[PDB]
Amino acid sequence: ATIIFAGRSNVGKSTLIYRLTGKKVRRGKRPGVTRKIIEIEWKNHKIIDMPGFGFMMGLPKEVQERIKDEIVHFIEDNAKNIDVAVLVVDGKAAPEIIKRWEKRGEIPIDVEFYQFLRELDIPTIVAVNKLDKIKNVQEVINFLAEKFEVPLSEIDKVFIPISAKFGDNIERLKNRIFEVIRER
């Protein structure tokens, strides 16, 4: 199966991919891949990893938009060959970023992207990372579910809190990914 990973920069996506696969990606061995899509062999499956969305110092905002366009085009073009998507979010930061963006009338990246995947009928699991920094995870997940337009009945199927840093619930996230792939 093919699994795409996506998320804003610094949410812990490359760390999560390493916890899941034992393969270090985006650590510099390969320079010039910072703004590119990479493929990872995960036993007999394939992970296609999108460059992180959003701001990164040194990354001009025009290049930021270009990257986002490239990710959109790849996922639109390969949608029929994508079995499941994992959107990695930073559980501590995401709700507060969503609130400040809505205040100024902009659509938060996380919300925009999860809703985009839904328009494409791609089953999506949200890895709510950095659980070790989150004092009320249920509250965070309930907030994100309302902003992402996720039905109450589907919250526990969609939102999986983990700590890629310490390993918390990584096996549960792996089980979910494979369960979604099979159920598909």
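Residues carry their position along the shown sequence, with the first being 1.
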{"query": "27 to 35 versus 126 to 134 - greater average Cα B-factor per the deposited record", "finding": "27 to 35"}
{"query": "Higher-B stretch (mean Cα B-factor, as the entry records it), 44 to 52 or 155 to 163", "finding": "155 to 163"}
{"query": "Residue with maximal Cα B-factor (values as given in the PDB entry) among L117, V150, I141, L59", "finding": "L59"}
{"query": "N169 - which third its CA temperature factor falls in, relative to the rest of the chain", "finding": "highest"}
{"query": "Record-listed C-alpha B factor of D83: chain third", "finding": "lowest"}
{"query": "Ranked C-alpha temperature factor of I3 among modelled chain residues, by third", "finding": "lowest"}
{"query": "CA B-factor ranking of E65, expressed as a third of its chain", "finding": "highest"}
{"query": "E112, C-alpha B-factor rank within chain (lowest, middle or highest third)", "finding": "lowest"}
